[PDB]
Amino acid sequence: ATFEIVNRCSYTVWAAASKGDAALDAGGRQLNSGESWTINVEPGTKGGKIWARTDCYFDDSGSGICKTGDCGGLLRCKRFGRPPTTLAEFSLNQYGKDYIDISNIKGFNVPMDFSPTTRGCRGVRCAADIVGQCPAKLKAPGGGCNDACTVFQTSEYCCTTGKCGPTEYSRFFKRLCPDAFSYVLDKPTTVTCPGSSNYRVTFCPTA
């Protein structure tokens, strides 16, 4: 399946794509403002994610650091990135269908639209100014808006027992972006697409 990843932000981002234990495609690449990078993701990929990383420095071997979404200091991501990261999440060819969503469970760094480029389903979007409006206690000094689990490490925010409810913090992400997951047990905003759909992930889709 093809994912065209487009940076419409006015700043550079380093896109990242992983399924947690392996890179998807090359795993990461710089995208200056306006650039598009098309990756191929294997059919059957389960629990894949794409995100943006901000304010990165890499040396000539592809090692260094990002202020948000850093994946073990690598340009080419093999593992998930460090919060806060707005996440495009997808599982492809799961009994005939693809499933997509955007999640703020790991916080928010860059606004995102995640849409099919092929027929048969709708896109999802979390493009509100969550960083500018972020509650004081969730602000990441490194840049971005952390989720409450990352900041406070409780069973309630991390949904460790499987029994959590919404919280004042989750309701903040959910108010700004109703169409993304705000906590682990949020009412699902997952979209069912035809198996083998193709997609586009657009950073800063409205600015």
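The first residue of the shown sequence is 1; numbering continues from there.
Enquirer: Report the stretch with the higher mean CA temperature factor, choosing between 155 to 163 and 35 to 43 on the basis of the entry.
Expert: Mean C-alpha B-factor is greater for 155 to 163.
Enquirer: Taking the mean of the C-alpha B-factors per stretch from the entry, tell me the winner out of 7 to 15 and 179 to 187.
Expert: That would be 179 to 187.
Enquirer: Among the candidates 100, 121, 87, 130, give the one with the maximum CA B-factor reported in the record.
Expert: Out of 100, 121, 87, 130, the record gives the largest C-alpha B-factor to 121.
Enquirer: Comparing recorded Cα B-factors across 48, 141, 69, 28, which one is largest?
Expert: When the deposited C-alpha B-factors of 48, 141, 69, 28 are compared, 141 is largest.
Enquirer: Sorting the chain's modelled residues by C-alpha B-factor, tell me whether residue 52 ends up in the lowest, middle or highest third.
Expert: For residue 52, whose C-alpha B-factor we compare with every modelled residue in the chain, the answer is the lowest third.
Enquirer: Sort the modelled residues of this chain by their C-alpha B factor and say whether residue 80 lands in the lowest, middle or highest third.
Expert: For residue 80, the deposited C-alpha B-factor lands in the middle third.
Enquirer: When the modelled residues of the chain are sorted by Cα temperature factor, does residue 112 land in the lowest, middle or highest third?
Expert: Its C-alpha B-factor, which the entry lists for residue 112, ranks in the lowest third among residues of this chain.
Enquirer: Where does residue 65 sit by CA temperature factor within its chain: lowest, middle or highest third?
Expert: For residue 65, whose C-alpha B-factor we compare with every modelled residue in the chain, the answer is the highest third.
Enquirer: In terms of the chain's CA B-factor thirds, is residue 126 lowest, middle or highest?
Expert: According to the entry, residue 126 has a C-alpha B-factor in the chain's middle third.
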